[PDB]
2 protein chains.
Amino acid sequence: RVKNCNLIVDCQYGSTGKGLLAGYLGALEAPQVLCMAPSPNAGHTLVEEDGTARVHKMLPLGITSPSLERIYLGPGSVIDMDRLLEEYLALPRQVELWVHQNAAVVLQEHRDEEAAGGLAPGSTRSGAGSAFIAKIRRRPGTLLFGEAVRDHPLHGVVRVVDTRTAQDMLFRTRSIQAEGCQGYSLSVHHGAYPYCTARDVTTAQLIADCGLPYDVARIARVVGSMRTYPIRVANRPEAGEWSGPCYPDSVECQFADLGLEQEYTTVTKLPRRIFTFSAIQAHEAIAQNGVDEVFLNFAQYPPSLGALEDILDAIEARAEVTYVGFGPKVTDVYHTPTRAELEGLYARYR
Amino acid sequence: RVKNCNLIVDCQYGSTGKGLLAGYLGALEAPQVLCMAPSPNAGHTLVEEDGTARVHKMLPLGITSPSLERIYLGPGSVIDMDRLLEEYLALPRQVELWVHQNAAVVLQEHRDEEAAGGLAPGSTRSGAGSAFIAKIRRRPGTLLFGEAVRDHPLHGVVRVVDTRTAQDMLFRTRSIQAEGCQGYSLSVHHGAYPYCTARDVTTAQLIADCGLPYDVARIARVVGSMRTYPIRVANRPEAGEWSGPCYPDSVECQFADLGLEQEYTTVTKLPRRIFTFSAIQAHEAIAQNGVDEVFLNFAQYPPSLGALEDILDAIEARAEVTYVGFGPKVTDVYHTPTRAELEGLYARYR
Ligand SMILES: Nc1ncnc2c1ncn2[C@H]1C[C@H](O)[C@@H](COP(=O)(O)OP(=O)(O)OP(=O)(O)O)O1
Ligand SMILES: Nc1ncnc2c1ncn2[C@H]1C[C@H](O)[C@@H](COP(=O)(O)OP(=O)(O)OP(=O)(O)O)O1
Ligand SMILES: Nc1nc2c(ncn2[C@H]2C[C@H](O)[C@@H](COP(=O)(O)O)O2)c(=O)[nH]1
Ligand SMILES: Nc1nc2c(ncn2[C@H]2C[C@H](O)[C@@H](COP(=O)(O)O)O2)c(=O)[nH]1
């Protein structure tokens with residue numbers, strides 16, 4: 001019964017625009033089921049045609065799919081139940097929300113622990129690491145989602161499921177979209193430790209955390225997202241935290257070098273760090289993840305068309321650049337543009 | 001260049017005989033590279049024709065391969081450097097040992113922490129959970145393998161590698177064998193929490209922790225190992241620990257019910273727990289892992305040939321039983337026996 005499965009994986013340090021990619025593919029491929037293993041580290045963003053933004057930390061953004069029936073948050077999820085309930089109630093259309101019983105739960109004590117600092121440099125301090133560690137530690141009395149939610153208003157809108165139930169549902173689903181979060185180079189396996197997150201960030205880890213059965217993974221297509229200028233989170237110098245290195249064929253630059261205003265963080269108001277494109281990073285992530293199609297986003301950032309074409313050429317040595325993003329809306333993503341069309345798009349978006 | 005990749009995954013609670021399976025497939029398929037992401041929870045066993053046992057906690061057991069060139073311990077490894085050095089020096093033939101720089105390391109403090117009890121019921125108390133959590137927590141000063149080994153005699157016999165180096169090596173390898181450890185139903189995602197280990201135990205997690213590139217995983221064959229009678233570790237009643245449930249279509253039994261002597265644990269001398277076969281568990285693990293070939297081991301345990309054939313019939317509803325084990329040696333494993341041949345083997349091994 002399964003005919004299509006798209007896996008969306010971030011090939012840099014996050015913030016490549018996976019909320020946009022998810023919305024775009026949701027409309028293009030019309031999946032019936034969205035899978036995700038969210039953690040509350042950052043909010044992914046879908047900007048509507050009218051300029052309104054929907055920001056999701058706990059739910060996928062393929063909700064543009066006209067065929068959407070169900071969202072399944074897998075056992076590798078790390079769930080803020082308050083935030084999940086809030087995002088669910090705000091959804092535009094009614095859909096079933098299934099959550100695996102063994103997902104971790106984020107409690108205030110986990111946020112409190114990370115708020116004291118002294119852990120990963122540049123940590124979002126979302127509590128995600130502490131919450132996940134509590135699941136992994138298996139101390140008596142630790143409750144995973146299946147038990148923790150019974151105490152919480154969220155229980156009235158979720159179906160708690162085990163893997164037998166999830167398997168049956170997924171094998172009966174025609175088109176599946178699974179949305180990764182974070183970034184390949186934040187992988188605790190493949191990143192520059194300790195400038196990284198608490199888990200691996202690969203196609204394989206996404207399959208594991210979403211609980212996708214391996215025969216479905218075998219037919220899946222992998223869409224890798226990357227920016228023209230990779231970005232890391234801000235430093236926290238008062239806490240003595242530098243948020244980490246770039247690849248050796250990247251150099252750190254300033255937003256002003258692109259004629260852009262500095263990008264600050266949502267709450268703390270700290271300047272994000274930007275770097276030039278790394279072909280080594282792109283090729284390494286493409287190979288690790290088995291990327292079949294690349295989404296190259298922020299194609300309007302390079303200061304010349306030649307600079308954009310050099311990035312395209314680097315990627316295309318290893319994978320097709322199937323989707324090109326010139327802005328934050330679904331209507332700003334273009335499917336396999338010719339080089340001639342690319343010229344017109346670049347000029348128009350600058 | 002990659003032509004063959006076999007992934008060995010345990011479909012029950014461990015102790016299905018993956019050391020035997022690895023030795024058998026190593027000789028059958030002659031891989032050039034063995035991949036593993038070991039943790040020190042238990043020792044896997046290869047019994048030689050003469051009755052000698054080799055017990056590995058840190059190294060694969062496909063070392064029967066006449067074409068073996070290299071062992072690669074992936075970034076998801078959790079490494080006791082003393083034990084790894086000891087096992088490496090005892091290997092029969094010279095091979096290259098590569099270890100990913102981001103593997104976790106087990107220190108005495110991790111063993112000490114788990115030795116105090118009060119964590120997962122039935123824990124092996126190997127320190128594996130604490131050591132892995134230290135990697136995940138990213139506290140300043142925590143050293144992963146790449147830095148921790150420089151202080152240790154092991155550094156003289158290992159090549160520390162990153163993912164770019166591992167990728168290049170793996171893509172140039174004709175035949176790869178990756179050996180899972182632990183058991184599907186010990187998965188922190190798919191198991192009965194907290195009667196489980198610290199990570200997922202699936203094909204997907206194995207790919208992630210071994211650092212196998214996804215395009216290699218795509219061509220891989222999955223060999224799932226299972227026993228006629230699933231087994232859990234012993235209870236620890238003095239510590240108030242029960243080691244956990246079986247599936248609902250299994251019932252706990254006694255070794256005496258099979259005419260066998262009680263199986264005790266290597267050090268603590270505690271009785272292992274045995275249960276009848278669960279078809280639900282088998283089918284669930286086959287589906288989650290995408291198992292293509294099943295190794296059914298301990299085929300000499302069922303008290304009648306009909307009881308063995310019922311187990312075979314249950315498995316074969318979903319996957320071929322390709323290998324059948326009637327004893328602990330490579331010469332006790334039989335490839336796709338006919339039912340008539342099975343009759344003679346069962347009679348002879350009883
Ligand atoms: N091509 C684009 N041009 C300008 N802004 C864009 C473009 N694509 C996306 N954006 C905006 C939307 C968000 O405000 C921001 C980051 O996108 P977002 O979807 O939140 O990233 P993400 O989900 O990949 O990673 P993160 O984990 O950092 O949230 O960039
Ligand atoms: N068919 C068999 N009959 C009898 N003994 C066997 C058979 N196959 C293997 N053994 C023995 C070898 C070991 O002493 C024991 C468990 O095997 P072993 O390779 O250590 O398990 P394993 O690696 O799958 O799991 P564990 O994590 O418990 O070590 O069973
Ligand atoms: N852009 C982005 N960065 C993340 C995300 N999760 C973690 N990071 C980065 C921020 C830090 O550089 C590093 C560690 O953060 P944390 O996992 O929150 O402790 O990983 C995410 O979802 N998006
Ligand atoms: N047979 C076996 N059991 C294991 C292994 N690792 C963990 N377990 C089981 C023992 C307990 O029931 C449970 C938790 O143990 P631990 O991960 O050591 O805290 O998982 C392994 O490698 N082999």
# chains A, B, ... in the order shown; residues from 1 in each chain; ligands from 1
>>> residues_near_ligand(ligand="ligand 4", cutoff="10 Å", atoms="only C-alpha atoms and all ligand atoms", output="number ranges by chain")
A: 136-138; B: 10, 12-17, 38-44, 57, 114, 117, 119-130, 180-183, 185-188, 191, 193-199, 201, 231-235, 241-245, 272
>>> interface_residues(of="chain A", to="chain B", cutoff="6 Å", atoms="only C-alpha atoms", output="ChimeraX atom specification")
/A:75,102,119-120,136,138-139,189,194,198,204-205,208,213-215,218,288-290
>>> residues_around(residues="residue A:178", least_positions_apart="5", cutoff="6 Å", atoms="only C-alpha atoms", output="JSON, numbers by chain")
{"A": [7, 34, 35, 36]}
>>> write_last_selection(atoms="N, CA and C atoms", output="JSON list (two decimals), in the first residue's frame")
[["chain", "number", "residue", "atom", "x", "y", "z"],
["A", 7, "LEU", "N", 11.60, 11.96, 2.95],
["A", 7, "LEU", "CA", 12.30, 12.27, 4.20],
["A", 7, "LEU", "C", 13.04, 13.59, 4.03],
["A", 34, "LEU", "N", 1.88, 12.88, 8.13],
["A", 34, "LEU", "CA", 3.12, 13.56, 8.45],
["A", 34, "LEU", "C", 3.74, 12.91, 9.68],
["A", 35, "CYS", "N", 5.01, 12.51, 9.58],
["A", 35, "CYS", "CA", 5.77, 11.95, 10.69],
["A", 35, "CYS", "C", 6.82, 12.96, 11.15],
["A", 36, "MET", "N", 7.07, 12.97, 12.46],
["A", 36, "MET", "CA", 8.10, 13.87, 12.96],
["A", 36, "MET", "C", 8.55, 13.34, 14.31]]
>>> closest_residue(among="A:20, A:61, A:154, A:27", to="ligand 1", atoms="only C-alpha atoms and all ligand atoms")
A:20
>>> select_by_dssp(residues="stretch 64-148 of chain A", states="helix (DSSP H, G or I)", output="ChimeraX atom specification")
/A:64,81-89,108-115,128-137,145-148
>>> residues_around(residues="residue A:54", least_positions_apart="2", cutoff="10 Å", atoms="only C-alpha atoms", output="list in words")
residues 19, 43, 44, 45, 46, 47, 48, 51, 52, 56, 61, 87, 90 and 91 of chain A
>>> residues_around(residues="residue A:275", least_positions_apart="3", cutoff="8 Å", atoms="only C-alpha atoms", output="ChimeraX atom specification")
/A:229-231,246,250-254
>>> closest_residue(among="A:65, A:268, A:297, A:94", to="ligand 1", atoms="only C-alpha atoms and all ligand atoms")
A:297
>>> select_by_dssp(residues="stretch 81-283 of chain B", states="strand (DSSP E)", output="count of residues only")
29
>>> atom_distance(atom1="atom CA of residue A:2", atom2="atom CA of residue A:72")
15.7 Å
>>> closest_residue(among="A:336, A:67, A:331, A:276", to="ligand 1", atoms="only C-alpha atoms and all ligand atoms")
A:331
>>> closest_residue(among="A:225, A:338, A:262, A:322", to="ligand 1", atoms="only C-alpha atoms and all ligand atoms")
A:225
>>> closest_residue(among="B:256, B:307, B:226, B:28", to="ligand 2", atoms="only C-alpha atoms and all ligand atoms")
B:226
>>> residues_around(residues="residue B:258", least_positions_apart="4", cutoff="7 Å", atoms="only C-alpha atoms", output="list in words")
residues 301, 302 and 303 of chain B
